[PDB]
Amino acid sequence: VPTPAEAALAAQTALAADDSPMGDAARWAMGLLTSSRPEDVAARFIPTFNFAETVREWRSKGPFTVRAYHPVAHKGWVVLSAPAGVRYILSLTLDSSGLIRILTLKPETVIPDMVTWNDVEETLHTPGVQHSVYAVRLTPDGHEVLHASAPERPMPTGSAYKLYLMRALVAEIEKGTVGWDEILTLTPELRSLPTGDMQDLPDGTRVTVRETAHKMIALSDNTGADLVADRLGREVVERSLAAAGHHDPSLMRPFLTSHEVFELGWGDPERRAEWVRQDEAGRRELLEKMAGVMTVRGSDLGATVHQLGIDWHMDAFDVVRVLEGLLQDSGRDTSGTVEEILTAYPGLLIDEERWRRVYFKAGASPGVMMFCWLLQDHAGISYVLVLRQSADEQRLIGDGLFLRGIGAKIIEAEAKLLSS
């Protein structure tokens, strides 16, 4: 079990040796911090990416020593110590060819090793934040509850809704009304904001349903999700919710697109007040009228709107049911198409000797953070873990590393907390 010096050394060596998009980006970003040029920056970041002052300010906090290195597909974290025992984390999010989309250097997110479920609760609780932790073992005759805090509370879940979109898509594939190799076309009206990369493709770009669904899940791609939602039709997405495991489908009718949440939530305040006072009919009418190219930009987001219904609300039971249903859908799909999409990005470094398969999905919106996993061992025993936070102020929640890291610690301690 690695001592401090051992683990820091192992992290430093791993970072140097990481021959991958994350390795390349993490080494370059560390270079900015430890060294003593606008062209070289332009080339490392996404084309649509002040930074000189940002880097000066970061550099002033050093010198830095690498203490941990956590690459996970297109996301990565490097834990750094600066003088006098102060720690920071460098977070990286990459696009599909390894360009940097997000790069931040922030005070360390501290998550202790978990021994008990009470450790989880006492760590997570923040005044002003509603949270929920739900962990179950799935069995032939129902779920065994390992731990529950407020699983009955319906809460906003952001991109967790893409799990329902996935089930709706699979239901249509099974019916033969859509095919995995059918072509979807990106138009100006179908473009959404990140998370995701598909928005960066040119107008007219032709992409298969398979590759669109893959990015929808694996990259939480908002534009990919909206392409699927457009192809299926809102009625098909909605008509599905009851089957795919939702307790009060009226909470997600009309079933919003990401474009609609962004545009309604952070655009015209009058149009947003109209939503609030309208019934289901008036809301559908309002959405039809709002259809077109987005006006809202990433810079406009901030204020919370989930409390107005402009998000996707479900309880913890709903999340378990949709994941269990996807496990069932995957098994029925003998081609392995569903399984490949679901397992591409497990959100953490996974012990593959323990877990045969891991599904993962995150959701985030101002004032909203959630992470969920389905983990199935090699004997076939499945566990589901659902973590949720909502608040009236985004600063109370933060960038989501806290809640993700709590999940990481639970999964690390699975023998104590899940499978005991």
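Residue indices: 1-based, along the sequence shown.
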Checklist outcome for this item: Of the deposited residues between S60 and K61, the number without coordinates is none
Item to check | Residue stretch of maximal mean CA temperature factor, 103-111 vs 326-334 | outcome: 326-334
Item to check | Per the entry, higher mean C-alpha B factor between 172-180 and 85-93 | outcome: 172-180
Checklist entry - Of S258, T212, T295, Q130, which one's C-alpha B factor is largest in the deposited record? => result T295
Checklist entry - Looking at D197, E339, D279, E122, which has the highest Cα B-factor in the entry? => result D279
Item to check | Chain-relative CA temperature factor third for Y134 | outcome: lowest
Checklist entry - Compared with the other modelled residues in the chain, in which third is the CA B-factor of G31? => result highest
Checklist outcome for this item: Chain thirds by Cα B factor, record data; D18 belongs to the highest
Next on the checklist: Splitting the chain's C-alpha B-factors into thirds, which one does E353 fall into?
Outcome noted: middle
Item to check | Cα B factor band for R37 (lowest, middle or highest third within the chain) | outcome: highest
